[PDB]
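Structure, as structure tokens:
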Amino acid sequence: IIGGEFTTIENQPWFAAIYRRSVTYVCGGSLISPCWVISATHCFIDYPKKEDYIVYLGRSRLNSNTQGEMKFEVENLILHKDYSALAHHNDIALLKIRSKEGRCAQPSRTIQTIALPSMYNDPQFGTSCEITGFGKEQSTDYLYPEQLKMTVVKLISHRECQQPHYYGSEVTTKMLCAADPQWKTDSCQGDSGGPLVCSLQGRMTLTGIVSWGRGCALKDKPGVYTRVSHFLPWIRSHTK
Amino acid sequence: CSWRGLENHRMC
């Protein structure tokens, strides 16, 4: 997260921290149900083996064990069969979680689920949503921050993101662009798979999943997110 | 390899 502010998991109780076995951070995710975390396929496409992954819920620091946190194994790693790639299509994935005790996540003050959107029902463009993650704080940074961060970006219409000086056609209707009017804040490397959360009809909703972007917080280069309200059938079937 | 989309990618 470029700019923005630091926060603790309490403010984003659905945020999942995903790691791969050296134990290195991979990407974020979002808890949509006790046993299911949703994220981005590009984060695992190169190492599909579900055995190399560790998912944490209720964790606020990168390399420290936030008290009240829960460690899980990936029972099932479901990548979208139609994935293609920056410009990344169908960049969405599901991780079925279960602890060694063989159980799913238990809600608490630091562990909650996030509601899914209604099909093709997204906030009006210009709306302000939140993005959370352990991604770089600066494009030039070589390290990821130790403390969780979040910031605010505004939804951008596909017509405007479609423009050549922006992303041209690299962006599709299955994608949502979001950015700061001053391009002062944005998601960056390491935030992929993380949640783009918007308020809809008085309810925090998982409108997007950090997917890709040209650099970070660069003028005319929005952050691109997988448009969740366009993948509900896919999500429900694979989570039955 | 520095942008979103290429994390945890072998080539990188």
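For neighbour counting, all protein chains shown are included, and Cβ atoms are generated from backbone atoms with ideal geometry for every residue, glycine included. Taken together, the values in this text are just the output of simple stated rules run on the coordinates, not laboratory data.
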Practice problem: List the residues whose amide H sits under 5 Å from the amide H of A:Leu196, counting only those 5 or more places along or on another chain, with H placed 1.01 Å from N in the peptide plane. | Solution: A:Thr207, A:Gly208, A:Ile209, A:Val210
Quiz item: Treating the beta-carbon of each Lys and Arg as +1 and of each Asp and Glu as -1, no other charges, what is the dipole magnitude of segment A:114-213 about its Cα centre, to the nearest 20 debye?
Solution: 260
Practice problem: On a C-alpha basis, how far is the centre of segment A:1-69 from the centre of segment A:164-240 in Å? Whole number, if you could? | Solution: 17
Quiz prompt | Calculated from backbone phi, Karplus (6.51, -1.76, 1.60) coupling profile of segment A:65-73 in Hz, x at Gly/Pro | solution = 8, 4, 4, x, 7, 10, 9, 10, 9
Quiz prompt | Whichever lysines have a C-alpha closer than 19 Å to that of A:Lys71, once near sequence neighbours (fewer than 8 apart) are set aside | solution = A:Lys49, A:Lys50, A:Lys96, A:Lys100
Practice problem: Can you find, among A:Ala87, A:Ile9, A:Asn76, the residue farthest towards the positive end of the dipole of segment A:1-103? Put +1 on the C-beta of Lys and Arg, -1 on that of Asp and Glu. | Solution: A:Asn76
Quiz item: What residues qualify as long-range amide H neighbours of A:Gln147, i.e. H under 5 Å apart, gap of 5 or more or another chain, H built at 1.01 Å from N?
Solution: A:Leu62
Self-check item: Derived scalar couplings ³J(HN,Hα) [segment A:155-167; Karplus, 6.51 cos²θ - 1.76 cosθ + 1.60; whole Hz; x for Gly, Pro]
Solution: 4, 10, 5, 4, 5, 6, 6, 5, 3, x, 4, 9, 10
